[PDB]
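Quick heads-up: it's one chain on its own, the form deposited in one PDB entry, in structure tokens.
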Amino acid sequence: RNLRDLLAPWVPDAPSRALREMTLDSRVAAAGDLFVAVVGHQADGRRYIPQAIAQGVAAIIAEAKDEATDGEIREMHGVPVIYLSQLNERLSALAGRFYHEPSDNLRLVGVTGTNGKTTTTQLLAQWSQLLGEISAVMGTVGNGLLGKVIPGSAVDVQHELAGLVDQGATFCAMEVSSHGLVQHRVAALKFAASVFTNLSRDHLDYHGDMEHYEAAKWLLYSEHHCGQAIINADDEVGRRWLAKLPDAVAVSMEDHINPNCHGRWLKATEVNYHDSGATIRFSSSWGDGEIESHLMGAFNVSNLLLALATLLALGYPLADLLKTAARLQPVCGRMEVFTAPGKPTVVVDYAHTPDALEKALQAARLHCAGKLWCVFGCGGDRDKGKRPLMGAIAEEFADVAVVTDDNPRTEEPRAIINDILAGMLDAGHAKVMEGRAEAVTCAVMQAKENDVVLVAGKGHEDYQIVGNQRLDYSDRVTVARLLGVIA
């Protein structure tokens, strides 16, 4: 790491200086560092140049706006200060070079969209690893090699990706937020593939607004190295973009592939939602097949198909993907299915809002031949508004609502339950059982073999907050033990 080499693409004259780390934060800027002084929203890093110098940074790269011309090399207390125009725009490229282009030394797949990013990223990372990659993820859950994900500027992105390259990662599945993209946080990453789960947002009913939003996004897209484009054709915006991208892969489970285009495509032709997952029959430009997914609900069929289409597009052989699909697992505590011979199917999901609970129940219903049970409660000492809404949802979308406790904290547990019941048309038809473990047990032990019990609100969280006490408790463990299986 040398300032002169770092800057060679942009500034030919730059002085030679050994550099340690690259940081935007003057507070942590230490001896030998490159401090990068940016102008942000109500913050100007140039103000902190004297501090950084006093802390012994080897060099500084600074926003040129108002202060200097692009490429201008100055010197303050024997420290080179190099000014660059549009530094925010170029920060990704700058950090990329500094960290030896990590995205050129592994297969990076970006996933964008409002929903399904985490799941699709997890599936990409899992499936690629099943086929022999050392895979990693970067997303909302955290960053790391698979099974080692620990819970962010353009510099942080490149640095983290370099970290992963150093740990041996050959594949990385990255969640890309709309906000990250707009702020040029992934501007210089070489994506092998970019996956769109959707491109549809609220607040775009005026066609001028839809046009500006789309224009902004198309502009951003055109500036990035997206690689193979894999787009969900079941999304309306998805379809519009597919019409403009003859090389993009169209993915559908709802009959939106237009075969006249002769493009690359992948479509589920039939899905059987059953008591332990989904059997997905599909055709594609790569060949046809049948996958046994152990994920639940229609949305996860879509996510799986997107990951499949992506890996096919990257050249992973269909036969090997088919042979490994049954090993794909859900994100822990996300529509995570528990089955045991001759017992009801039990799904653990973290759904703890009206919208999430509704979606979870609708997903569970697809796999449910008998009655759908919903075991849930609401957090105490928190916003109470969702309580009757969750009651109404449980009553509507389940056949049996079992209302119980879920982190009652210092609030009277029964009072929370009463607020839930208040939301129902027929509270008397709900079952109430206090002690969460007892409520779970009640549903699981009474439910028929062909029933499904959704246990909602905790997912992977292994505690029940009663009073001030963080009591050891797991829905997953409770369910596993009742079914005689292992969590």
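Residues carry their position along the shown sequence, with the first being 1. In this text, the rigid core denotes the largest set of C-alpha atoms whose superposition between the two forms falls within 1.5 Å.
Another form exists, deposited in another entry; not displayed. Remarks below refer to it.
Chemist: Which is the one residue in 378, 309, 174, 91 whose C-alpha moves 2 Å or more between this form and the one not shown, relative to the superposed rigid core?
Modeler: Looking at each option in turn, only one qualifies, and it is 378.
Chemist: Taking the rigid core as reference, does the Cα of residue 466 move 2 Å or more between this form and the one not shown?
Modeler: Result for residue 466: yes, a 2 Å-plus shift.
Chemist: Core superposed first: is there a CA shift of 2 Å or greater at residue 477 between this form and the one not shown?
Modeler: Yes, the C-alpha moves 2 Å or more.
Chemist: Comparing between this form and the one not shown on the rigid core: C-alpha of residue 365 shifted by 2 Å or more?
Modeler: Where the cores coincide, residue 365 still shows a C-alpha shift between this form and the one not shown that is 2 Å or more.
Chemist: Knowing the shift is 3 Å or more, I'd like to know if the C-alpha atoms of residue 346 and residue 140 are closer or farther apart in the other entry than in the shown chain.
Modeler: Pair moves closer in the other entry.
Chemist: Can you confirm the direction of the Cα distance change for residue 206 and residue 237 in the other entry, closer or farther than in this form, given it is 3 Å or more?
Modeler: Relative to this form, farther apart in the other entry.
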